[PDB]
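>>> Based on what follows, work out the 3D shape:
(chains A, B, C, D and E, ligands or ions: 2)
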Amino acid sequence: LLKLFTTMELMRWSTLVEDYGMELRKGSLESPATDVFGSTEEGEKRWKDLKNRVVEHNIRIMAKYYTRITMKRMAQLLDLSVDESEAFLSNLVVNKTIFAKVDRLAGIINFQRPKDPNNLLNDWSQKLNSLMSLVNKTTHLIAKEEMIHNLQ
Amino acid sequence: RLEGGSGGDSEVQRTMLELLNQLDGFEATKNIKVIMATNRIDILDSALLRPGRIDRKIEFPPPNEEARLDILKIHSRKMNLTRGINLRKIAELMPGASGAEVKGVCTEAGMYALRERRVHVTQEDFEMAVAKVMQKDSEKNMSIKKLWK
Amino acid sequence: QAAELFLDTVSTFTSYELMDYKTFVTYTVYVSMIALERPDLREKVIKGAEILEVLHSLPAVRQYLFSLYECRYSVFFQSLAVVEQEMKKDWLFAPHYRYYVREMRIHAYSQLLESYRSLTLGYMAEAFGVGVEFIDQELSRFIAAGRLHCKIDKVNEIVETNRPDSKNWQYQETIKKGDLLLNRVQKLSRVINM
Amino acid sequence: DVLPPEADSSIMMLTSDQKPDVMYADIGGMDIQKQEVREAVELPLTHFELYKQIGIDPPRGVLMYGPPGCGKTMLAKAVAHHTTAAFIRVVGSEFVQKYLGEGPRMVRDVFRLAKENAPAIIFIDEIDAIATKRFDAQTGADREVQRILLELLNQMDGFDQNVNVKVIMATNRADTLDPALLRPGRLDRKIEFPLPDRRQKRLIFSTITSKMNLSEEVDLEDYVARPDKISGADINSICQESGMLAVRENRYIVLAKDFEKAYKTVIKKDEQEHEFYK
Amino acid sequence: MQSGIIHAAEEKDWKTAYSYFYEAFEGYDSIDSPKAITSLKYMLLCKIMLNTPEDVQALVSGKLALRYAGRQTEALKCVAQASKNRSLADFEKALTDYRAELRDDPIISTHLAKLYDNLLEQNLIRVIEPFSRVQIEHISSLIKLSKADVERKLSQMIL
Ligand SMILES: Nc1ncnc2c1ncn2[C@@H]1O[C@H](COP(=O)(O)OP(=O)(O)OP(=O)(O)O)[C@@H](O)[C@H]1O
Ligand SMILES: [Mg+2]
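Numbering: from 1, shown residues only, chains lettered A, B, ... in the order given. Ligands and ions are numbered 1, 2, ... in the order given. Please find the structure below.
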């Protein structure tokens, strides 16, 4: 549960099945793991749905830390095909739960959005105002504080 | 004028008496003319009906066929008649109209053209609108009507 | 002005005051597709029903309509070929025929270049008629005419278009109307002050 | 400073909770009558030029009358949905009250507020309280009812002719009331609501069971064609009672034997007649 | 029947016109079957554009419509089944498998053309949002149709 927090906890489902798949087989006590997964059809869909939850966790962190990403890199990082990665992402965007857009003639997809001249200029003034005038106000007063301690 | 108040009104009595005394009291005032208008003639009080106060009592009967013809000409002025149309027969179809319902014919005939997205009219449209405005009780069972021959 | 008050077609009997009816319908359907392209042409003449009665009588006129609206361009020229030759038998005819066809030929081009921005004129060689060099010469005459806002090409053989944006359209109108009123108050300021 | 005109007076503006909780297509089967109200109220606000093109003076007031529970108040709610006017609700009882002359001043408060505002709609609910024609009253406070009529007749057809205001009235049996109301120019539209008839029982059956998990192969066709006529609010209660009686045996579904228990519950009324006077 | 027809040709009121056709068939109930057999065709088609295709099956399972089974009820069942499934070519296949019943126009083929030429861009607007830019043979593949009509159908949507 710590590994499924955020910031990828850097993970991969192939590694996840080969270190915790022993937890799904016999152990010391272990019994809710055999109770939830490992069944005939009830656990088996829950094997699939855990796969669904971890790939959904990997999409949201990609939207955090990528301007763009090629289609072949997303396929090899989600442990699944190119066509499945198309349809799984196309499901999430018609559900509009992850806000992305693709270009499948070249495979280069993007996560960022087209910003506006009202918006880019608003970001230009924001870094200008809030953290070049105020921090310059801030440095001056600690600079006066050093004259207190150092002389005499 | 009713009696004193148990079921008595006794306050607009005071207001009526001042109307009755500020126009025919102690001073016959001049250059002041009142125009009073109501139906229900037999129930207003017979002290402001005396001919010292009101001198002209003017009835208003329902109009005649020529008069129903003329009011129809007034309200169909801004309307847009087709041709070949006889306004006289339309007023012949109203035995005892008011004249406030001659407007109602002119509105409903224009209303029939409105639902067609049209501006035309016929004489038949008025022949439908007269029977629409004219409305009866349609007294049923005939037993009441023929008990009373 | 013709197509606006032709549009009330509720006048039927071939009288002196209504000189004919069926040819009046053909008059108001020829002139109608120049007044408006799609600010709801289809309601007033296609969703119109009293017009739709008598163009159900005339098959060639109705085919001339629906070829243009349902974007059948190859049969549109064959329909327009009959119209121009049938127009020849008319006595109010002199303003029509050299101006009518060329306005409609450039009318069909403008909506066809719409919805594309990389067209190839080889696709005009069968979806449209024939004559690769014919489309080439007629677009060249119409682009040089100041109409038909696109850019024809040689050996790539790609009819690229260029249409303005909002701002590139609005900036042009304000600089035309700007210099008009500027010139207008040039002359007015010189009439006053001697 | 000068305040805006009648900025308070009676403060009656139904805007945005509260407003209708209904829509126009929710009513099933009043095909003539939805159109007829729409001519007098909805249409001249938008397509005012159509009346000017013919020169009509579009109608001003409307009276609705029928047996109770036949969609009168419901239709008035639907007009208040899709209108873009200042809407004012009145019930025909709160402007007859304690003090002398107090009632007709409230009538003055309404019609000034509508005339001051935009094109506006005034819906006065059941008016047969103040509508009965009086010949003479040998009592106090019955002429107070009778003069509320006269103030209503004045500010409807006086000199001033307050344009763009609209009046919608609805009663029970309307043979009772004053013929001075019923003259056109004042109450132009006379609309009767029947109960349903057949082919409108079908439409109210459709519109209620549409938003309902009926999902059977046993149809209400047996109960469209029944005699002993059944008002439109009762069709609601049939589906409501079966809705109770579906969940009562713990079903999501109406199993069409509950449907007959619901039918016989709502219809069982005349039971004795003493086998006498037939 | 004709009261259903002109109410159908409004393309506005597909529920009252159903009641007019239904009364027309109850009047036609086994007293003139050649005029009665066409009556289910109108009222089922009134139900198709009413977008309740399951009740088409519910009517023909009804004991009055069991009198008049045959080809024409099999036509409107599979058409309703394809429109329920939103499979576009299956509608065209059901149009193609049963020609002479319902590609003639008394006058149901008009509205079936309207419902088909609705249901194209009903499905087409669902499958644009994944991308900013695609080539059209993929969008023919996701719709399972040729590309030539797709070119004409898309271009009409821009126009
Ligand atoms: N055609 C209809 N469609 C849907 N519901 C209806 C219809 N007719 C009546 N109803 C139901 O009947 C109920 C009563 O409606 P409404 O109050 O308008 O009837 P009413 O005639 O105004 O009754 P009253 O005159 O006693 O006020 C409404 O809540 C509504 O649910
Ligand atoms: Mg009510």
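
>>> Could you use CA atoms for every contact and neighbour count after this?
Noted.

>>> Distance-wise, check residue C:28 relative to ligand 1.
Separation of residue C:28 from ligand 1 (Cα to the nearest ligand atom, to the nearest Å) stands at 46 Å.

>>> Count the residues that sit near that residue.
Using other Cα atoms under 10 Å in any protein chain shown, residue C:28 is surrounded by 20 other residues.

>>> And it, how far from chain A?
In this view, residue C:28 and chain A are 48 Å apart by Cα to the nearest Cα, to the nearest Å.

>>> residues in contact with that residue?
Neighbour list for residue C:28: C:2, C:3, C:6, C:7 [criterion: Cα atoms under 8 Å, 6 or more residues apart in numbering or on different chains].

>>> helix or strand for it, which one?
If you go by DSSP states H and E, residue C:28 is part of helix C:22-30.

>>> Counting neighbours, which bits of that helix end up buried?
Neighbour-count burial for helix C:22-30 flags C:24, C:25, C:26, C:28, C:29, C:30 (criterion: 16 or more other Cα atoms under 10 Å in any protein chain shown).

>>> Could you tell me how far the following helix or strand past that helix lies from the centre of the chain?
Using DSSP H and E, the helix or strand that follows helix C:22-30 in sequence is helix C:32-35. Chain-centre distance of helix C:32-35: 7 Å, with Cα atoms, centre = their mean, to the nearest Å.

>>> ok, back up a step: name only those of the contacts of residue C:28 that count as buried.
Buried subset of those (neighbour count, 16+ other Cα under 10 Å): C:3, C:6.

>>> Residue E:66: which of the contacts of residue C:28 is nearest?
Checking the contacts of residue C:28 against residue E:66 by Cα to Cα gives residue C:7 as the nearest, at 51.8 Å.

>>> rewinding a little: would a markdown table of the buried residues of helix C:22-30 with distance to residue D:259 be doable?
Formatted as a markdown table, those follow (distance: Cα to Cα, whole Å):
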| residue | distance to residue D:259 |
| --- | --- |
| C:24 | 63 |
| C:25 | 60 |
| C:26 | 62 |
| C:28 | 61 |
| C:29 | 59 |
| C:30 | 63 |
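
>>> what's the closest of those residues to residue D:216?
residue C:29 (53.8 Å).

>>> Spatially, which residue comes closest to that closest one, not counting chain neighbours?
Distances taken as Cα to Cα, 6 or more residues apart in numbering or on different chains place residue C:45 nearest to residue C:29, at 7.9 Å, with adjacent residues excluded.

>>> and the gap between residue C:52 and chain E?
For residue C:52 relative to chain E (Cα to the nearest Cα), the value is 15 Å.

>>> Can you report how many residues lie near that residue?
Neighbour count of residue C:52, defined by other Cα under 10 Å: 14.

>>> That one: which element?
Using DSSP H and E, residue C:52 sits within helix C:50-54.

>>> what ranges do the helices span in chain B?
Taking DSSP state H to define them, one finds helices in chain B at B:12-21, B:65-75, B:87-92, B:102-115, B:123-133, B:143-147.

>>> Quickly check: the longest one near chain E or not.
No: in this structure, helix B:102-115 remains apart from chain E according to Cα under 8 Å from any Cα of the partner chain; the gap is never smaller than 14.6 Å.

>>> what helices or strands is that helix leaning on?
Judged by 3 or more Cα pairs under 8 Å, 6 or more residues apart in numbering or on different chains; DSSP states H and E, the packing partners of helix B:102-115 are helix B:65-75, helix B:123-133, helix D:48-54.

>>> Alright, that wraps it up for me.
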